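One chain comes next, on its own, written out as structure tokens in the form deposited in one PDB entry.
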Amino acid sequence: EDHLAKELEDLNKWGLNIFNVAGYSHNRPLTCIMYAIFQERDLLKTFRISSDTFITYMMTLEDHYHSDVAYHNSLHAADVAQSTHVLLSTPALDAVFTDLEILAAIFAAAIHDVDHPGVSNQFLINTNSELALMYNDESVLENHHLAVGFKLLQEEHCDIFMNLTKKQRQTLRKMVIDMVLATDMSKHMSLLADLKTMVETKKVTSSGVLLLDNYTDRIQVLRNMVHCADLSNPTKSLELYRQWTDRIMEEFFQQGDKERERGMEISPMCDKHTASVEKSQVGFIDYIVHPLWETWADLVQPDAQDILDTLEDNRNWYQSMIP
């Protein structure tokens, strides 16, 4: 209904409530937001993407995100897609990226977890799943998400990049593959390290806008932008954050149950009989989220200062929730 329209006024804002748009769009947050983002950024016009075609692709793609998986469903793709769209508008990165690179980043966030089964890369590897076998144990899930996302474009009624040149399609394919592969947690510590080297030698301009040399520097900041967007839950308002926690602990605990049935060794954060939902977030923020966002904030200061404050407040609420 028109309640949806009210919520899409916050499209360019960090405050968007993606759960709300899910509720007013026949449970299709990803389609919705992607359409809203491409209209807002004039991407359909710039790349001559038929409107009809874009909807069908997005619906098909959203259909491959398993609705019966607690966290890694279409809601999350929509959320990362929207956050990426906001982080892309940050003052420090103004006019830094071409419209092909902007298209690549959002498109990447939208397919970045498509067909997620609800278990980790590690689980699939230790159970010899067809997927681990297929991908030789290296970034199993992410390689797959990319495989599905691009398999869906091998059709006339679904190929949105039909009016991109040979070079434009390849130049985007290359960037998208890189962004989604960077969302693999095992690559997190090395990613944060290369982001720290970027900040060390950061060169802005007179207007406080970063000067990026070539592809190597632009794709590096995009990889980290999508990665931050993936780890953005604890920077959102407390109401939205606690709900995400509930959803990721649901998915994790079901993987813990699945592991217990098969007789494997049950991980600590996946065990519903000893894990503290509250200590899980404190630690998640101290060693993973804050170090990353503290570095990103340094890269674009003071644009991400409001987020950094929200993250400490969110962290402290979770800390006081523990006795």
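Whichever C-alpha set is largest while still superposing within 1.5 Å between the two forms counts as the rigid core. Position 1 is the first residue in the sequence shown; the rest follow in order.
Beyond what is shown, the protein has a form deposited in another entry; the following relates to that form.
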| query | finding |
| --- | --- |
| Rigid-core fit between the shown form and the other one, the member of 43, 289, 297, 269 whose C-alpha shifts 2 angstroms or more | 269 |
| Distance trend in the other form - C-alpha atoms of residue 270 and residue 75, change of 3 Å or more | farther |
| Distance trend in the other form - C-alpha atoms of residue 268 and residue 288, change of 3 Å or more | farther |
